Amino acid sequence: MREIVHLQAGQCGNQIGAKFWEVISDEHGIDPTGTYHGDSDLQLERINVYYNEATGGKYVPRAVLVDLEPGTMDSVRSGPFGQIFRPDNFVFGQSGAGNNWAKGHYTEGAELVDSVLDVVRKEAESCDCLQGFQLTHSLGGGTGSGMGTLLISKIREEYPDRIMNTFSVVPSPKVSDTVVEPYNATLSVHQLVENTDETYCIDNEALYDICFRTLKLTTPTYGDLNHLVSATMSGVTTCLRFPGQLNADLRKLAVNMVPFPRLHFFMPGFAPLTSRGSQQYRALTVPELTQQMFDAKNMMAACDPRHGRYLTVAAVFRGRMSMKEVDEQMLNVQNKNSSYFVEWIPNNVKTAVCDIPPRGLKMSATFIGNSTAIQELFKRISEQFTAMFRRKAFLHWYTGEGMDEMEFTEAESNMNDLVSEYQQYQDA
Amino acid sequence: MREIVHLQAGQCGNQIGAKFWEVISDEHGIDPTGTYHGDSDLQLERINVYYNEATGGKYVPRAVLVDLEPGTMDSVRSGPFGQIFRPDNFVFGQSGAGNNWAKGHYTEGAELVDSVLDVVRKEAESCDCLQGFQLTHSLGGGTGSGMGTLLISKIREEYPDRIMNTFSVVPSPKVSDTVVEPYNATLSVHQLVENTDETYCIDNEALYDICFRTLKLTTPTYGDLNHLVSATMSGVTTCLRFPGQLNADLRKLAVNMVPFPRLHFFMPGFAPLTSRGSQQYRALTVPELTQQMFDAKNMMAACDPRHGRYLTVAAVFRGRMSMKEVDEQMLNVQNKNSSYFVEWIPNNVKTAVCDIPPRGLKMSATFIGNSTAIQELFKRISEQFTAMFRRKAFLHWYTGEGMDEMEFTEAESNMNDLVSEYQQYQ
Amino acid sequence: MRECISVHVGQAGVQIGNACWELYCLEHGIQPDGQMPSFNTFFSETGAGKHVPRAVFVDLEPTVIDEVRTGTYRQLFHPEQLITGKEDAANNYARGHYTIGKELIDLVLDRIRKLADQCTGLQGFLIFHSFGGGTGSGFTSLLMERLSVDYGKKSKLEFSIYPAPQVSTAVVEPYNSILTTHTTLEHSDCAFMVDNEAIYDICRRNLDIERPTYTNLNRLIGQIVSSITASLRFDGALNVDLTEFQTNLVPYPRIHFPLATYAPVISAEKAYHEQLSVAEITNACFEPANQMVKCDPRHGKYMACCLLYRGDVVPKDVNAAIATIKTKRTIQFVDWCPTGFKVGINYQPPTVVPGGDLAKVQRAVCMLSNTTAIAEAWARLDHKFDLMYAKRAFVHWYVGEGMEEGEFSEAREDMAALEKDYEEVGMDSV
Amino acid sequence: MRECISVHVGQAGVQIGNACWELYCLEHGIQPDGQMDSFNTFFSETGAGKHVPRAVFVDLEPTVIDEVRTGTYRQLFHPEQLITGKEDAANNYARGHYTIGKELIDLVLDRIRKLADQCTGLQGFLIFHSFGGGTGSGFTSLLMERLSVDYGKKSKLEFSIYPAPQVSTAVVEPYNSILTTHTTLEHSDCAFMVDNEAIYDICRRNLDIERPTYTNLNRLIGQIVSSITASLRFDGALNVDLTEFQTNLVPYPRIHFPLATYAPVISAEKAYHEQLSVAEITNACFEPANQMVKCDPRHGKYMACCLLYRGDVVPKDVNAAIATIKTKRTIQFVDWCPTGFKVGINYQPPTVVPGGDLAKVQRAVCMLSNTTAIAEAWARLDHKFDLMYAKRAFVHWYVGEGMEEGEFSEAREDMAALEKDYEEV
Amino acid sequence: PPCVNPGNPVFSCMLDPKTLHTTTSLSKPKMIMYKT
Amino acid sequence: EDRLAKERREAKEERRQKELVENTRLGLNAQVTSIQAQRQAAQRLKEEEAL
Ligand SMILES: Nc1nc2c(ncn2[C@@H]2O[C@H](COP(=O)(O)OP(=O)(O)OP(=O)(O)O)[C@@H](O)[C@H]2O)c(=O)[nH]1
Ligand SMILES: Nc1nc2c(ncn2[C@@H]2O[C@H](COP(=O)(O)OP(=O)(O)OP(=O)(O)O)[C@@H](O)[C@H]2O)c(=O)[nH]1
Ligand SMILES: Nc1nc2c(ncn2[C@@H]2O[C@H](COP(=O)(O)OP(=O)(O)O)[C@@H](O)[C@H]2O)c(=O)[nH]1
Ligand SMILES: Nc1nc2c(ncn2[C@@H]2O[C@H](COP(=O)(O)OP(=O)(O)O)[C@@H](O)[C@H]2O)c(=O)[nH]1
Ligand SMILES: [Mg+2]
Ligand SMILES: [Mg+2]
């Protein structure tokens, strides 16, 4: 009855969303052609939150897909679940962006943005009582970062009080996979720190660390990595999707965990992760989850929070579990480690339980932690950005087609203040 | 509701972590695939002490054992029990130490002590109430001495209140199989003596001497020498595994045999265990047991208290037993002499009795006879380390990983201190 | 929707294209008559169940083009898209730009407007030429003006054969490289450069073959262009389209010369012997023996490198392989451009042609970079242009062939200012 | 996880390389097309199933690896790794080190870099060099000196072929001997000795193979290198890796040229009679009619004892044996290290190759006794180099191929300091 | 089999969900995956 | 059950890798036999020139 409109952006955005609708479908129990055939009706009583209905029970996912290169937009139409998105919603680009961000923002970004707005207001009129919007992109490319920043800039004209999340792919600290990446990344955050009410941070090499160490998978392709992050983005939007004992939807997660409106850069992780060796071995009780989420090793953004302090953390608990057990086992993470928790907030943790687990497991949980560790991330790009601006490296691919050099220096001041904002709240 | 996390250090620690974990996992009756197969009621009492509760009801030994060279984790996994030790906690690096204490302490020993202290603090949170730790380790190796002492250095300040005993493995006097080990074994006892709560002497010469003269095994192995060390150290943790008549678990042994808190090096021994030709002519009774108890050829270290003086002597016992002839046949040997029986000690007896015996036998005993001849262990070393410190034996390897010249003099200066500390009661 | 047009100029452009289309007509199962019992990027469907590749072959001499029209491919090709001439340029930029090409420009542009009318979404051109002779300097420079005034924002990416230091064919090649580097600096969007003598130096040592011909060489150059364009049509985990390479390897418009190197050029007998992972192969392009450039980049510093992979290459094993290569002191980065890297992964394993000296190994990487070290290569070439012009040695044909002596001294100032631009880059900024 | 590269240099380097690789190739199941992970220290898996050896060799007379392109093991040894030139060096450190050695150092070091970049878990390289040749001395020295800064702390060991006291091959072999001992005093982590005249004496006197060959000598070198470095592939009760060798073997940084002995060389016809028990035959590493390079440590002082063992070895019987060796006072241990020993124990017993006469023994014996009786050998070599460098025998070829004449007298006067270091005790 | 893809890294199920249930003497059979 | 699912998926991927190895063997063996054919043709032409 209250629902979320999914909307993707870029080749990385499309490839994430093809494995996000791949994992929400048969947890609701949906065949590859769109007819509900699941077991119990409890998954059916609020199927409308992420799905839409048509003639004869043929269900339609309501996601709005945009990409500029049509050679990889057809890759998800040929996938196993490619035949459930209605092909009116595919908004293809006739020519690619070229990984310069302002092409995605000014020259060939503004050409398609009339059409992408045409399908959402057609869809949002058909919505009953809309709640939020959901976005996936990578920062590293003009197809994903440039397009999304133009969408979120003037979606705040029409839908101001709708609660927006964006699930970014921040560039990895060791190897960033584009040469002229940090011009795009530093210019993206200025449209991020004022518009988006929440934003997440998924380091690409921190997921590589998980298949390095925890799962120790032999041969992980992007099908495996997209599945590891798609479970995390299902755990957030769940307490409005099933009943629970102490529920918490997107508004209750937002107003209860950011302290100040330009301080909202998050850091997620998903709790039960086990290799094939240790799965025969592993304990399964409620403090075994507090090992996983509060391990800095199991954290899908790169920076370890031993270098900084948490402000507020979140922990939603999908499962049928004792309430006291969670509550007892949350102070005992605060007490033995009280040097990584700030002092002008009395209690830090946020509690949420939902009865229905992921399909088969006993319990599962998702951690979202607002940290000052991320200034050690944001100090890196700002130094990385200055090394290519002062000597004017790769300048003319942005100057001659878009804005002048002031927009870079303005984006420095939008970036330098935030790193000073984190540090001032690191010791108050 | 106390539970135990464990520490055995080395490939020798992994070798001890094979046969030591044979006897304990045998007696509480767990198959090599985890699920319960015992046949009594005492055998599901408190077996969350060593074992977690998995999914499916499987019982995994909560233990960490250390190495750094990658070829020593598999020859202990070729044993029958490689599927009960979950090898998540069995640690090794890409580069090994290789007879080098400095390599396993500063270079990558300090780099991977971050890993072993991210898991031993990970599982101790799941434990509702801990008890402590318990150790054996070789000394003449690199990682087992090095990362092993880095464990017991980086834990006596983060967890100082908990009790963490040791019973280390120092080697033989006359035949010694890696001979620059006073750079490795006498460095560590300066580290160890201000950290640990106990440390004893498990000498390979004394383990060798039993299959010479006592059990009549013609061609032994270390594996049947490693048999005799879980036949003794089970007796030190007999009460948290077996209910008792007058029991002495880990903390009561931690509080009743430490007079002066730097002085916890005694001489362990084991009274009952005779050959299969002497199995026919032998009773399960105390007075025939007492002949093979106090001899000069039956112990667990190769140092004789005939030179030494009886300070702290313990005796744990197995079996529902006649408990005045425990007292009758222990006072017929305190009342025989005045050279070893020191009259200054009025009486020191520490008695524990436990009901259910070890599996396969009915009655037994255990003993420790303390001495000033653990001093003469380190008295001999005090002129074998000085031989190769005046002439710069291997030290050109050692200064390359960030250390001092005086650290070897200072650790020797503590070693002459404690040898001087044993002779004040001598 | 992603149609790309390859135009081949000169003998070296068209002899590359004879082996180039042999590769493209085999990775798609095309009979050499043309039939076939996502290929529309390079091929054009007719109404009669027939495929024709979208290309234009242009030359100033009939003796190289008549073997195309009586070869084994004479019916796959369109009868008019092959263009001819009647009076040869004869190794002269003055003759390939002012005398002959002005009578043969009005028809080549006429066809390529129509060959873009089949398309809806064109994004790239491919001009194939060599910097040694007339038509490969004069005629290739004349069209780059003409494509630019008509199209503009279309990204035309090129392939060039450099005159090597030690070996040469002509003696008026060092004029014609400099005399085209003026006009083809304002009007080109990239420039790929592979010289003969560092295909010659490779082909003796890593392959068992000695004494080759250009049919063996163009099976490499045909493979290097197919390794670039393969991401357009075959789906992969990290695909990079052809219009992307402009903004990642060209920092400044004066510096648009990246270089090429294809790593697993090993013998079909010696494909048996080595494991070819991805960690073994991202280092081998930086080996001093294995570059197709006779400039050791140890003399310079790597500006930016783009890497592209084919076949069973996984993205976990390439991120671990690429982080190692900048940790060593052998491979050199400095402060002003510290990222440098972008990757390309494709799911099509590289095919084999009969008679090719390659092998069907499933992990092939091409390396695409520019260095600081090109500046010492031109340091010969501006010098060698001055040993001739100090007594005005071979300009005597050029003055009579329609252009004056005034552009030669202007070729000095434009080229000499390019050399100082590289040492502006290499000096540290503090 | 402990992958190795064993580069052996010289004509000795190649022939000892392929006979030691013969005994390797029969102790694991190598069929010479490569098709058949305890092997994985010395072998390399391919993408086509092949187990390629990780061992490039050095030989500049091309007439030695002009064979190994053909023969039995032509598809077994991979010849892109084995590197030869087209112009020989011919008893010349100058030609080996910088004249003809200037242009293949790129290819050799590039190949070693490429293989050890393919690998992950190296520790070091095994090296055997012949003192008395052209390229087994010089390009070897260039390999040590350039690898010590290309890699650094990855180990490099050496167990050198050394000149005999009396009978030798070339004429002026001491020149190249000194011109490589100055560099192996600098960049060799360890360097023991095994020479061909002592193998002649031992194989002639005890086994009944009169008229032997360097191939038989290569086989006995294979037996000793197996019983040294056998434990990286075969598990043991008390085992050893490669790094423990450099850690425990040699006391002083400038003192790493000592000796050893290998006892059990007994034929099949004497092996069907004599019982070979770990106690009663390990004393044959001390008896004078057995030793490995011609020197008697009865004259000298025993320094250290790296014992190595394979087969049916008992800890009780090795300890009783070590006890009854340490009893009798031919053991002369002065105060500096009384204890001494190191024991290695290996389960897998050594392997019979068709071509020797040493039969399958059920248990073995080894030794590496660091000694003090090297001083008379190096002093005799001092005596005869002083006999030869008073009148400048062959100096003109070395000088004219690209150096100064101060190279000789800067390589010397290091050797007098070396024997001063050795006469200190 | 009711799987998205068998053996994905985070958890999956292949039992037929209609058969996992247990009743009480004073209640109807209720399914254990969806008991709230 | 999910333990068994992971184990059998790993076995399936191992099967595909062995298939890849066999097809590499196929291609290289075909290429080297054709190479031997051109070698023998060259020797034939040498004989004809001699006659
Ligand atoms: N890589 C490669 N280079 C070639 C090939 N054919 C010719 N060349 C090069 O071309 C250079 C000479 O220029 P050409 O292309 O032959 O002459 P042109 O550019 O066609 O000028 P004209 O012949 O007068 O029309 C020589 O240096 C060759 O290296 C080829 O098939 N492959
Ligand atoms: N024991 C043994 N020694 C060998 C063998 N092959 C060569 N040598 C040694 O090599 C010496 C003569 O060979 P060299 O003149 O050194 O040849 P090289 O320097 O090794 O290499 P090239 O000069 O390039 O052939 C003799 O003194 C031998 O000691 C062998 O198979 N076994
Ligand atoms: N997490 C994830 N990242 C991907 C995937 N595919 C590509 N990427 C990332 O996308 C980046 C390059 O894609 P690009 O087109 O430039 O990003 P886009 O503009 O947002 O589509 C690389 O850095 C990859 O890390 C995927 O399947 N999953
Ligand atoms: N008592 C006893 N000693 C052992 C055992 N295993 C090895 N050792 C001793 O440990 C010494 C070698 O230890 P080392 O391998 O260098 O230490 P590690 O690397 O930590 O295992 C030898 O002198 C042995 O006598 C054992 O099971 N029992
Ligand atoms: Mg021509
Ligand atoms: Mg030779």
# chains A, B, ... in the order shown; residues from 1 in each chain; ligands from 1
$ interface_residues --of "chain A" --to "chain F" --cutoff "12 Å" --atoms "only C-alpha atoms" --output "PDB file with C-alpha atoms, in the first residue's frame"
ATOM      1  CA  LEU A 215      34.001 -16.985   1.634  1.00  0.00           C
ATOM      2  CA  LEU A 217      35.597 -18.489  -3.380  1.00  0.00           C
ATOM      3  CA  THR A 218      37.928 -19.738  -6.084  1.00  0.00           C
ATOM      4  CA  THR A 219      36.611 -17.971  -9.187  1.00  0.00           C
ATOM      5  CA  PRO A 220      34.254 -15.071  -8.411  1.00  0.00           C
ATOM      6  CA  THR A 274      30.218 -18.744   5.604  1.00  0.00           C
ATOM      7  CA  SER A 275      32.565 -20.760   3.409  1.00  0.00           C
ATOM      8  CA  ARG A 276      31.861 -24.338   2.372  1.00  0.00           C
ATOM      9  CA  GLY A 277      34.511 -25.507   4.797  1.00  0.00           C
ATOM     10  CA  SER A 278      33.184 -23.762   7.881  1.00  0.00           C
ATOM     11  CA  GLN A 279      29.468 -24.238   7.141  1.00  0.00           C
ATOM     12  CA  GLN A 280      29.429 -27.758   8.609  1.00  0.00           C
ATOM     13  CA  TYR A 281      31.264 -26.311  11.597  1.00  0.00           C
ATOM     14  CA  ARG A 282      29.657 -23.005  12.338  1.00  0.00           C
ATOM     15  CA  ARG A 359      14.224 -18.131   2.545  1.00  0.00           C
ATOM     16  CA  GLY A 360      15.561 -21.081   4.515  1.00  0.00           C
ATOM     17  CA  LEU A 361      17.827 -19.476   7.116  1.00  0.00           C
TER      18      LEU A 361
END
$ residues_near_ligand --ligand "ligand 5" --cutoff "9 Å" --atoms "only C-alpha atoms and all ligand atoms" --output "ChimeraX atom specification"
/C:10-11,59-64,88-91,133-136
$ select_by_dssp --residues "region 87-186 of chain B" --states "strand (DSSP E)" --output "VMD selection string"
chain B and resid 90 to 91 130 to 135 163 to 166
$ residues_near_ligand --ligand "ligand 1" --cutoff "9 Å" --atoms "only C-alpha atoms and all ligand atoms" --output "mmCIF file with C-alpha atoms, in the first residue's frame"
data_model
loop_
_atom_site.group_PDB
_atom_site.id
_atom_site.type_symbol
_atom_site.label_atom_id
_atom_site.label_comp_id
_atom_site.auth_asym_id
_atom_site.auth_seq_id
_atom_site.Cartn_x
_atom_site.Cartn_y
_atom_site.Cartn_z
ATOM 1 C CA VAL C 9 44.274 4.141 -47.613
ATOM 2 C CA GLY C 10 47.587 3.318 -49.252
ATOM 3 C CA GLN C 11 49.148 -0.037 -49.987
ATOM 4 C CA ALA C 12 49.927 -0.711 -46.333
ATOM 5 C CA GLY C 13 46.391 0.270 -45.389
ATOM 6 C CA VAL C 14 44.816 -2.078 -47.910
ATOM 7 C CA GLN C 15 47.214 -4.990 -47.370
ATOM 8 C CA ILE C 16 46.415 -4.798 -43.677
ATOM 9 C CA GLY C 17 42.746 -4.752 -44.650
ATOM 10 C CA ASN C 18 43.125 -7.856 -46.801
ATOM 11 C CA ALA C 19 44.172 -9.725 -43.671
ATOM 12 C CA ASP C 59 44.465 3.509 -53.346
ATOM 13 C CA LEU C 60 46.344 5.405 -56.039
ATOM 14 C CA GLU C 61 47.577 2.339 -57.910
ATOM 15 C CA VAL C 64 47.590 -3.724 -55.448
ATOM 16 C CA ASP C 88 50.743 6.870 -58.820
ATOM 17 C CA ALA C 89 51.790 9.220 -56.042
ATOM 18 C CA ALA C 90 55.366 7.852 -56.178
ATOM 19 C CA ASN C 91 56.379 8.535 -52.548
ATOM 20 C CA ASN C 92 55.666 12.242 -52.417
ATOM 21 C CA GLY C 96 49.581 12.642 -52.823
ATOM 22 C CA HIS C 129 47.813 4.091 -43.210
ATOM 23 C CA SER C 130 51.594 4.060 -42.958
ATOM 24 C CA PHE C 131 53.939 7.031 -42.492
ATOM 25 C CA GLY C 132 56.468 6.011 -45.121
ATOM 26 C CA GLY C 133 55.087 6.965 -48.493
ATOM 27 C CA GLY C 134 52.987 9.341 -50.547
ATOM 28 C CA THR C 135 49.404 8.058 -50.439
ATOM 29 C CA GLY C 136 49.984 6.990 -46.836
ATOM 30 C CA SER C 137 50.894 10.586 -46.018
ATOM 31 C CA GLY C 138 49.406 12.839 -48.698
ATOM 32 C CA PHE C 139 46.052 11.182 -49.289
ATOM 33 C CA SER C 160 49.863 4.137 -38.207
ATOM 34 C CA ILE C 161 53.085 2.389 -39.188
ATOM 35 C CA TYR C 162 56.047 4.456 -38.005
ATOM 36 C CA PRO C 163 59.369 4.685 -39.829
ATOM 37 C CA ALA C 164 61.685 2.764 -37.533
ATOM 38 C CA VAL C 167 65.599 0.112 -41.029
ATOM 39 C CA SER C 168 63.893 1.941 -43.866
ATOM 40 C CA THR C 169 62.469 1.444 -47.325
ATOM 41 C CA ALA C 170 62.523 4.952 -48.802
ATOM 42 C CA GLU C 173 60.080 9.006 -45.778
ATOM 43 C CA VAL C 194 53.370 0.250 -34.339
ATOM 44 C CA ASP C 195 56.639 0.150 -36.287
ATOM 45 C CA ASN C 196 57.962 -2.672 -38.451
ATOM 46 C CA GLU C 197 61.349 -3.263 -36.813
ATOM 47 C CA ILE C 199 57.433 -6.463 -34.980
ATOM 48 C CA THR C 213 56.660 -11.594 -44.802
ATOM 49 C CA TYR C 214 53.915 -9.038 -44.217
ATOM 50 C CA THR C 215 51.206 -11.696 -44.451
ATOM 51 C CA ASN C 216 52.535 -13.027 -41.157
ATOM 52 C CA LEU C 217 52.875 -9.482 -39.822
ATOM 53 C CA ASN C 218 49.345 -8.454 -40.805
ATOM 54 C CA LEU C 220 49.259 -9.688 -35.877
ATOM 55 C CA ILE C 221 48.087 -6.206 -36.897
#
$ closest_residue --among "C:85, C:355, C:49, C:288" --to "chain D" --atoms "only C-alpha atoms"
C:288
$ residues_near_ligand --ligand "ligand 2" --cutoff "9 Å" --atoms "only C-alpha atoms and all ligand atoms" --output "ChimeraX atom specification"
/D:9-17,19,58-64,84,88-92,96,129-138,161-164,168-170,173,194-197,199,213-218,221
$ residues_near_ligand --ligand "ligand 3" --cutoff "8 Å" --atoms "only C-alpha atoms and all ligand atoms" --output "PyMOL selection string"
(chain A and resi 9-16+67+99+137-146+169+171+176-178+202+204+222-223+225-226+229) or (chain C and resi 237-240)
$ residues_around --residues "residue 154 (chain C)" --least-positions-apart "4" --cutoff "9 Å" --atoms "only C-alpha atoms" --output "list in words"
residues 122, 123, 124, 125, 148, 189 and 243 of chain C
$ interface_residues --of "chain D" --to "chain B" --cutoff "8 Å" --atoms "only C-alpha atoms" --output "PyMOL selection string"
chain D and resi 1+121+123+235+237+241+243-244+247-248+250-253+314-317+319+322-323+335-343
$ residues_around --residues "region 12-29 of chain E" --least-positions-apart "3" --cutoff "9 Å" --atoms "only C-alpha atoms" --output "PyMOL selection string"
(chain A and resi 39-40+358-361) or (chain E and resi 1-9+32-33) or (chain F and resi 1-2+5)
$ write_last_selection --atoms "N, CA, C and O atoms" --output "tab-separated table (two decimals), in the first residue's frame"
chain	number	residue	atom	x	y	z
A	39	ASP	N	4.26	-20.57	-1.94
A	39	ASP	CA	3.58	-21.51	-1.05
A	39	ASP	C	2.54	-20.82	-0.17
A	39	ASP	O	1.35	-21.15	-0.23
A	40	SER	N	2.96	-19.89	0.66
A	40	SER	CA	2.08	-19.27	1.64
A	40	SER	C	1.66	-17.89	1.17
A	40	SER	O	2.37	-17.22	0.41
A	358	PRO	N	15.27	-14.56	5.53
A	358	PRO	CA	15.51	-14.98	4.15
A	358	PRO	C	15.29	-16.47	4.01
A	358	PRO	O	15.46	-17.23	4.97
A	359	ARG	N	14.93	-16.88	2.80
A	359	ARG	CA	14.22	-18.13	2.55
A	359	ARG	C	15.11	-19.32	2.88
A	359	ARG	O	16.01	-19.68	2.13
A	360	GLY	N	14.86	-19.91	4.05
A	360	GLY	CA	15.56	-21.08	4.52
A	360	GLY	C	16.34	-20.87	5.80
A	360	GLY	O	16.37	-21.77	6.65
A	361	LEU	N	16.98	-19.71	5.96
A	361	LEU	CA	17.83	-19.48	7.12
A	361	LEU	C	17.01	-19.35	8.39
A	361	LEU	O	15.80	-19.10	8.38
E	1	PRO	N	13.54	-27.60	-9.05
E	1	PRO	CA	14.08	-26.95	-7.86
E	1	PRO	C	13.74	-25.47	-7.83
E	1	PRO	O	13.92	-24.80	-8.84
E	2	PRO	N	13.26	-24.98	-6.69
E	2	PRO	CA	12.89	-23.56	-6.57
E	2	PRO	C	14.06	-22.66	-6.20
E	2	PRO	O	14.04	-21.98	-5.17
E	3	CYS	N	15.09	-22.63	-7.04
E	3	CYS	CA	16.27	-21.83	-6.80
E	3	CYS	C	16.44	-20.77	-7.87
E	3	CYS	O	16.15	-21.00	-9.04
E	4	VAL	N	16.91	-19.59	-7.44
E	4	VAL	CA	17.38	-18.58	-8.37
E	4	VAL	C	18.57	-19.08	-9.19
E	4	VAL	O	18.59	-18.95	-10.42
E	5	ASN	N	19.56	-19.69	-8.54
E	5	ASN	CA	20.73	-20.25	-9.13
E	5	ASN	C	21.22	-21.06	-7.95
E	5	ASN	O	21.34	-20.50	-6.85
E	6	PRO	N	21.45	-22.36	-8.11
E	6	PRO	CA	21.94	-23.14	-6.97
E	6	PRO	C	23.36	-22.75	-6.59
E	6	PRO	O	24.19	-22.45	-7.44
E	7	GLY	N	23.61	-22.75	-5.29
E	7	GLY	CA	24.92	-22.47	-4.74
E	7	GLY	C	25.42	-21.06	-4.91
E	7	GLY	O	26.61	-20.83	-5.12
E	8	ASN	N	24.52	-20.09	-4.80
E	8	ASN	CA	24.93	-18.71	-4.64
E	8	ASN	C	25.58	-18.50	-3.27
E	8	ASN	O	25.38	-19.30	-2.35
E	9	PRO	N	26.44	-17.47	-3.13
E	9	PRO	CA	27.21	-17.30	-1.88
E	9	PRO	C	26.38	-17.09	-0.62
E	9	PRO	O	26.58	-17.80	0.36
E	32	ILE	N	6.80	-23.87	9.11
E	32	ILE	CA	7.82	-23.30	9.98
E	32	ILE	C	8.63	-22.18	9.35
E	32	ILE	O	9.33	-21.46	10.08
E	33	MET	N	8.58	-22.01	8.04
E	33	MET	CA	9.30	-20.92	7.41
E	33	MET	C	8.58	-19.60	7.55
E	33	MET	O	9.21	-18.54	7.41
F	1	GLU	N	21.55	-29.20	3.40
F	1	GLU	CA	21.24	-29.25	1.97
F	1	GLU	C	21.97	-28.16	1.20
F	1	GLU	O	22.47	-28.40	0.09
F	2	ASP	N	22.03	-26.94	1.77
F	2	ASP	CA	22.75	-25.88	1.06
F	2	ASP	C	24.25	-26.15	1.00
F	2	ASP	O	24.92	-25.74	0.03
F	5	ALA	N	24.59	-28.23	-2.00
F	5	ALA	CA	24.41	-27.43	-3.22
F	5	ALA	C	25.70	-26.71	-3.61
F	5	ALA	O	26.08	-26.70	-4.79
$ atom_distance --atom1 "CA of residue 323 (chain C)" --atom2 "CA of residue 307 (chain C)"
13.4 Å
$ atom_distance --atom1 "CA of residue 122 (chain B)" --atom2 "CA of residue 193 (chain B)"
27.2 Å
$ atom_distance --atom1 "CA of residue 8 (chain C)" --atom2 "CA of residue 57 (chain C)"
5.0 Å
$ residues_around --residues "residue 373 (chain B)" --least-positions-apart "2" --cutoff "10 Å" --atoms "only C-alpha atoms" --output "PyMOL selection string"
chain B and resi 266-267+302-309+370-371+375-379+422
$ residues_around --residues "residue 184 (chain C)" --least-positions-apart "5" --cutoff "12 Å" --atoms "only C-alpha atoms" --output "PyMOL selection string"
chain C and resi 127+129+131+136-146+148+156+158+160+176-179+189-191+253-254+256-257+414
$ closest_residue --among "C:287, C:27, C:66, C:201" --to "chain D" --atoms "only C-alpha atoms"
C:287
$ select_by_dssp --residues "region 213-274 of chain D" --states "helix (DSSP H, G or I)" --output "PyMOL selection string"
chain D and resi 214-228+243-248+268-271
$ interface_residues --of "chain D" --to "chain C" --cutoff "7 Å" --atoms "only C-alpha atoms" --output "ChimeraX atom specification"
/D:46-48,117-118
$ write_last_selection --atoms "N, CA, C and O atoms" --output "CSV table (one decimal), in the first residue's frame"
chain,number,residue,atom,x,y,z
D,46,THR,N,50.5,-26.4,-15.7
D,46,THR,CA,50.2,-25.5,-16.8
D,46,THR,C,48.6,-25.5,-17.0
D,46,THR,O,47.9,-26.0,-16.1
D,47,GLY,N,48.2,-24.8,-18.0
D,47,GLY,CA,46.8,-24.9,-18.4
D,47,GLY,C,46.5,-26.1,-19.3
D,47,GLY,O,45.4,-26.2,-19.7
D,48,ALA,N,47.5,-26.9,-19.7
D,48,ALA,CA,47.4,-28.1,-20.5
D,48,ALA,C,47.9,-29.3,-19.8
D,48,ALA,O,48.2,-30.3,-20.4
D,117,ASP,N,57.3,-14.3,-11.0
D,117,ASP,CA,56.1,-13.5,-11.0
D,117,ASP,C,54.8,-14.4,-11.2
D,117,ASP,O,53.8,-14.1,-10.7
D,118,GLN,N,55.0,-15.5,-12.0
D,118,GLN,CA,53.9,-16.5,-12.1
D,118,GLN,C,53.7,-17.1,-10.7
D,118,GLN,O,52.6,-17.4,-10.4
